[PDB]
There are 2 protein chains.
Amino acid sequence: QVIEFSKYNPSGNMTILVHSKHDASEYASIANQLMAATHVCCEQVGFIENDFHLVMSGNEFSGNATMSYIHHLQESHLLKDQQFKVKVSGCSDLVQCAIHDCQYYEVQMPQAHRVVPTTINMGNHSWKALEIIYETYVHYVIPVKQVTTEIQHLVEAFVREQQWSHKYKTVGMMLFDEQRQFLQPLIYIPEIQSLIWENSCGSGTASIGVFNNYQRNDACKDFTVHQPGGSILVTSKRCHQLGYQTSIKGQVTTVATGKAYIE
Amino acid sequence: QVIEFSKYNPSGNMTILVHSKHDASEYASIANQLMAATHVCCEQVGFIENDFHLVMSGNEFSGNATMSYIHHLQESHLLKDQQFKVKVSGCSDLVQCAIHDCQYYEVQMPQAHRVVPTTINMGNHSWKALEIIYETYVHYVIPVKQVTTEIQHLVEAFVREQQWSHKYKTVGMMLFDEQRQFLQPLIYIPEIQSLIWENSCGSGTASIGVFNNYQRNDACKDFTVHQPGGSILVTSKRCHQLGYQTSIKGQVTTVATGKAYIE
């Protein structure tokens with residue numbers, strides 16, 4: 001079976017988009033084969049179906065994969081700088097997207113329902129954190145003076161020991177060096193006990209925007225969040241009853257395009 | 001810069017072959033970019049230059065990359081089952097290659113100059129091993145009752161503590177479960193202190209052939225060496241003054257072909 005694909009580098013969160021048409025029932029099997037390290041290899045797969053529609057293999061929403069799709073539209077379909085909406089899996093409403101100058105792509109992110117200032121106990125210390133609750137995941141923004149291997153091991157231990165609400169399909173521990181504007185994102189998937197120190201995290205970058213809004217009572221615009229795989233910008237503002245309104249913006253590199261062979 | 005490439009799965013030792021023409025001075029820069037995990041990603045890159053010529057990015061010889069090239073010749077250039085020779089980097093003479101029935105590809109491997117039965121001390125135990133000395137590397141075939149994480153950690157410790165002759169560009173620790181015909185290969189590159197538990201190892205599979213010959217005084221033909229990423233067959237015989245004559249044979253899957261973008 002031949003799969004027409006492109007492989008993208010959105011700040012190291014390697015993404016494949018599929019251009020060829022496949023039955024949606026096959027998406028998980030195709031994506032599982034492409035993602036393998038013994039295959040083309042990537043961290044997530046989207047299927048491209050004015051009719052913009054992106055379906056992630058697991059029906060989840062990905063800001064980094066949506067950004068990759070916007071990049072594809074600009075470089076391949078020669079879309080001009082504009083604001084438009086895209087239908088993406090995991091979102092009830094169309095997602096606000098934009099092509100900006102200098103090949104920056106902006107993606108509206110899921111709404112933070114509420115935040116809770118908390119402390120988490122790891123080893124012999126208490127860490128102030130902001131719990132940010134979304135419809136299908138939770139992030140903890142944990143300010144640190146510096147990211148260290150010791151703290152990473154404490155965070156791994158902490159996530160494996162807690163019992164996580166089944167509401168949260170992913171749990172994010174977002175270690176944030178405020179001075180260096182550096183995010184070291186950990187994503188935990190409780191269902192499969194998967195723990196990953198991500199190269200970059202679009203949803204985590206959006207959480208830094210919410211954190212900034214909560215901490216400062218001011219909007220942030222194109223706030224740079226450095227991560228292991230590059231940087232992503234976050235724009236976030238609390239808009240009265242509409243709550244936090246957050247987008248991320250970044251660049252994407254196409255690393256390859258061609259045919260992948262599966263089955 | 002556009003690079004026409006194919007990505008191959010030779011028992012998990014992911015290999016890219018480049019089809020487009022490039023200056024040999026550029027091979028290391030192109031290969032370093034393609035191999036990155038933020039790029040197409042692979043473990044080694046060969047450049048395709050009756051004139052069969054394969055140049056590895058680091059001018060080394062790879063049995064698994066040569067096998068991948070033979071696969072390319074069979075599936076793309078529709079070469080029939082035949083014995084032929086290929087010029088490969090790292091070899092003074094042309095390399096004997098074959099396309100066999102059922103898409104098995106055979107590659108003549110570098111000659112083991114000599115073997116030394118030895119013991120190595122790791123922790124509180126002595127392990128019988130066969131030291132197999134080649135022109136530019138050394139392998140230790142270490143029979144084990146079973147491969148364990150504890151033994152893997154002992155082997156890592158052992159290779160980092162020894163002082164290795166500069167003759168040996170790579171050092172291989174070949175943990176071999178004889179009963180299960182299972183090889184757990186570790187490759188150490190002293191110069192860059194790189195330590196890798198390989199998915200598969202063509203040179204290590206050839207060393208198992210030499211080991212079998214030394215241990216039993218008989219030839220082995222299509223002896224199956226199971227490895228983490230699949231299996232490779234080894235054919236090996238000691239031929240009087242010509243010494244050990246060894247080849248490996250295996251299957252290769254093409255996972256993708258297309259254009260990669262670098263610079």
# chains A, B, ... in the order shown; residues from 1 in each chain; ligands from 1
$ residues_around --residues "stretch 105-118 of chain B" --least-positions-apart "6" --cutoff "6 Å" --atoms "only C-alpha atoms" --output "list in words"
residues 67, 96, 97, 98, 99, 128, 129, 130, 131, 132, 133, 134, 246, 247, 248, 249 and 250 of chain B
$ closest_atom_pairs --of "chain A" --to "chain B" --cutoff "12 Å" --atoms "only C-alpha atoms" --output "tab-separated table"
residue	atom	partner	partner_atom	distance
A:1	CA	B:255	CA	10.7
A:2	CA	B:256	CA	9.2
A:3	CA	B:256	CA	9.0
A:4	CA	B:256	CA	9.6
A:5	CA	B:256	CA	9.4
A:6	CA	B:258	CA	9.4
A:7	CA	B:40	CA	7.4
A:8	CA	B:39	CA	8.2
A:9	CA	B:38	CA	6.3
A:10	CA	B:38	CA	9.2
A:11	CA	B:38	CA	8.5
A:12	CA	B:38	CA	5.5
A:13	CA	B:38	CA	8.0
A:14	CA	B:38	CA	6.7
A:15	CA	B:38	CA	10.0
A:16	CA	B:40	CA	10.6
A:33	CA	B:255	CA	9.7
A:34	CA	B:255	CA	8.6
A:35	CA	B:255	CA	11.3
A:36	CA	B:12	CA	10.4
A:37	CA	B:12	CA	8.2
A:38	CA	B:12	CA	5.5
A:39	CA	B:255	CA	5.8
A:40	CA	B:255	CA	6.4
A:41	CA	B:41	CA	7.6
A:42	CA	B:37	CA	9.0
A:43	CA	B:38	CA	10.7
A:199	CA	B:38	CA	9.3
A:200	CA	B:38	CA	11.4
A:228	CA	B:38	CA	11.3
A:229	CA	B:38	CA	8.2
A:230	CA	B:38	CA	10.7
A:252	CA	B:38	CA	11.5
A:253	CA	B:261	CA	8.9
A:254	CA	B:261	CA	7.1
A:255	CA	B:261	CA	5.2
A:256	CA	B:260	CA	4.1
A:257	CA	B:259	CA	5.5
A:258	CA	B:258	CA	4.0
A:259	CA	B:256	CA	5.4
A:260	CA	B:256	CA	4.1
A:261	CA	B:255	CA	5.2
A:262	CA	B:255	CA	7.2
A:263	CA	B:255	CA	10.4
$ select_by_dssp --residues "stretch 30-62 of chain B" --states "helix (DSSP H, G or I)" --output "ChimeraX atom specification"
/B:30-35
$ atom_distance --atom1 "atom CA of residue A:159" --atom2 "atom CA of residue A:177"
19.7 Å
$ atom_distance --atom1 "atom CA of residue A:215" --atom2 "atom CA of residue A:172"
19.0 Å
$ residues_around --residues "residue A:153" --least-positions-apart "5" --cutoff "10 Å" --atoms "only C-alpha atoms" --output "ChimeraX atom specification"
/A:122,148,158
$ residues_around --residues "residue A:227" --least-positions-apart "3" --cutoff "10 Å" --atoms "only C-alpha atoms" --output "number ranges by chain"
A: 11-12, 176, 181-185, 198-201, 205, 224, 230-232
$ write_last_selection --atoms "N, CA and C atoms" --output "short mmCIF file (atom, residue, chain, number, x, y, z; two decimals), in the first residue's frame"
data_model
loop_
_atom_site.label_atom_id
_atom_site.label_comp_id
_atom_site.auth_asym_id
_atom_site.auth_seq_id
_atom_site.Cartn_x
_atom_site.Cartn_y
_atom_site.Cartn_z
N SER A 11 9.44 22.53 15.40
CA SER A 11 10.26 22.60 16.63
C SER A 11 10.52 21.19 17.20
N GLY A 12 10.83 20.23 16.34
CA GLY A 12 11.28 18.88 16.75
C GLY A 12 10.15 17.91 17.03
N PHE A 176 9.11 25.07 33.77
CA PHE A 176 9.26 26.38 33.11
C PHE A 176 10.30 27.21 33.85
N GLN A 181 12.86 31.73 29.78
CA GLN A 181 11.65 31.46 28.95
C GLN A 181 11.83 30.08 28.31
N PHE A 182 12.26 29.12 29.10
CA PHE A 182 12.55 27.75 28.63
C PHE A 182 11.58 26.76 29.25
N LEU A 183 10.89 26.02 28.38
CA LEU A 183 9.91 24.99 28.78
C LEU A 183 10.53 23.61 28.51
N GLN A 184 10.53 22.75 29.52
CA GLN A 184 10.94 21.33 29.40
C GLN A 184 9.68 20.52 29.61
N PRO A 185 8.96 20.18 28.53
CA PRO A 185 7.67 19.52 28.64
C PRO A 185 7.72 18.00 28.81
N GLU A 198 9.16 15.63 25.65
CA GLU A 198 8.89 16.09 24.26
C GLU A 198 9.96 17.08 23.82
N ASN A 199 10.28 17.08 22.53
CA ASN A 199 11.16 18.10 21.89
C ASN A 199 10.44 19.44 21.93
N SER A 200 9.14 19.44 21.67
CA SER A 200 8.32 20.65 21.83
C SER A 200 6.88 20.23 22.06
N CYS A 201 6.09 21.17 22.55
CA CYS A 201 4.72 20.88 23.00
C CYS A 201 3.86 22.10 22.70
N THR A 205 2.94 24.98 25.33
CA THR A 205 3.28 26.38 25.02
C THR A 205 2.04 27.25 25.28
N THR A 224 7.97 34.29 23.50
CA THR A 224 8.83 33.19 23.01
C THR A 224 8.96 32.11 24.09
N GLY A 230 13.32 23.72 19.64
CA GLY A 230 13.23 25.04 19.00
C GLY A 230 12.41 25.97 19.86
N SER A 231 11.61 26.83 19.25
CA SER A 231 10.76 27.75 20.02
C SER A 231 9.39 27.82 19.38
N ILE A 232 8.41 28.16 20.20
CA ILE A 232 7.03 28.41 19.73
C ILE A 232 6.62 29.69 20.43
#
$ closest_residue --among "A:93, A:135, A:49, A:23" --to "residue A:165" --atoms "only C-alpha atoms"
A:135
$ atom_distance --atom1 "atom CA of residue A:179" --atom2 "atom CA of residue A:149"
18.9 Å
$ select_by_dssp --residues "stretch 44-221 of chain A" --states "strand (DSSP E)" --output "JSON, numbers by chain"
{"A": [44, 45, 46, 47, 48, 53, 54, 55, 56, 82, 83, 84, 85, 86, 87, 88, 95, 96, 97, 98, 99, 100, 104, 105, 106, 107, 108, 114, 115, 116, 117, 118, 119, 120, 121, 122, 125, 126, 127, 128, 129, 130, 131, 132, 133, 137, 138, 139, 140, 141, 142, 143, 170, 171, 172, 173, 174, 175, 176, 177, 182, 183, 184, 185, 186, 187, 188, 189, 194, 195, 196, 197, 220, 221]}
$ residues_around --residues "residue A:88" --least-positions-apart "3" --cutoff "9 Å" --atoms "only C-alpha atoms" --output "PDB file with N, CA and C atoms, in the first residue's frame"
ATOM      1  N   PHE A  52     -10.874  22.850   4.121  1.00  0.00           N
ATOM      2  CA  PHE A  52      -9.682  22.395   4.865  1.00  0.00           C
ATOM      3  C   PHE A  52     -10.125  21.505   6.013  1.00  0.00           C
ATOM      4  N   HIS A  53      -9.613  20.281   5.993  1.00  0.00           N
ATOM      5  CA  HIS A  53      -9.974  19.271   7.001  1.00  0.00           C
ATOM      6  C   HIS A  53      -8.757  18.397   7.288  1.00  0.00           C
ATOM      7  N   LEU A  54      -8.336  18.400   8.538  1.00  0.00           N
ATOM      8  CA  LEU A  54      -7.180  17.616   9.017  1.00  0.00           C
ATOM      9  C   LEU A  54      -7.687  16.648  10.077  1.00  0.00           C
ATOM     10  N   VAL A  55      -7.417  15.362   9.907  1.00  0.00           N
ATOM     11  CA  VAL A  55      -7.876  14.329  10.865  1.00  0.00           C
ATOM     12  C   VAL A  55      -6.636  13.647  11.421  1.00  0.00           C
ATOM     13  N   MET A  56      -6.448  13.783  12.719  1.00  0.00           N
ATOM     14  CA  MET A  56      -5.292  13.124  13.337  1.00  0.00           C
ATOM     15  C   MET A  56      -5.613  11.640  13.476  1.00  0.00           C
ATOM     16  N   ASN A  59      -7.643  10.899  16.420  1.00  0.00           N
ATOM     17  CA  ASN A  59      -8.805  11.826  16.529  1.00  0.00           C
ATOM     18  C   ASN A  59      -8.576  12.917  17.567  1.00  0.00           C
ATOM     19  N   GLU A  60      -7.331  13.086  17.949  1.00  0.00           N
ATOM     20  CA  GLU A  60      -6.955  14.094  18.926  1.00  0.00           C
ATOM     21  C   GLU A  60      -6.689  15.408  18.195  1.00  0.00           C
ATOM     22  N   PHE A  61      -6.551  16.475  18.941  1.00  0.00           N
ATOM     23  CA  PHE A  61      -6.155  17.740  18.296  1.00  0.00           C
ATOM     24  C   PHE A  61      -4.665  17.931  18.561  1.00  0.00           C
ATOM     25  N   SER A  62      -3.930  18.423  17.581  1.00  0.00           N
ATOM     26  CA  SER A  62      -2.503  18.795  17.737  1.00  0.00           C
ATOM     27  C   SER A  62      -2.279  20.186  17.144  1.00  0.00           C
ATOM     28  N   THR A  66      -1.417  20.897  13.190  1.00  0.00           N
ATOM     29  CA  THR A  66      -2.218  21.914  12.472  1.00  0.00           C
ATOM     30  C   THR A  66      -1.275  22.952  11.864  1.00  0.00           C
ATOM     31  N   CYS A  91     -11.845  18.970  17.895  1.00  0.00           N
ATOM     32  CA  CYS A  91     -12.418  20.330  18.068  1.00  0.00           C
ATOM     33  C   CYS A  91     -13.834  20.348  17.490  1.00  0.00           C
ATOM     34  N   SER A  92     -14.821  20.760  18.291  1.00  0.00           N
ATOM     35  CA  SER A  92     -16.250  20.869  17.892  1.00  0.00           C
ATOM     36  C   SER A  92     -16.414  21.957  16.829  1.00  0.00           C
ATOM     37  N   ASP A  93     -15.749  23.093  17.024  1.00  0.00           N
ATOM     38  CA  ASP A  93     -15.849  24.258  16.118  1.00  0.00           C
ATOM     39  C   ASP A  93     -14.641  24.233  15.189  1.00  0.00           C
ATOM     40  N   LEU A  94     -14.742  24.904  14.047  1.00  0.00           N
ATOM     41  CA  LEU A  94     -13.570  25.116  13.170  1.00  0.00           C
ATOM     42  C   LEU A  94     -12.505  25.858  13.975  1.00  0.00           C
ATOM     43  N   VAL A  95     -11.244  25.568  13.676  1.00  0.00           N
ATOM     44  CA  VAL A  95     -10.078  26.151  14.385  1.00  0.00           C
ATOM     45  C   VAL A  95      -9.616  27.380  13.611  1.00  0.00           C
TER      46      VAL A  95
END
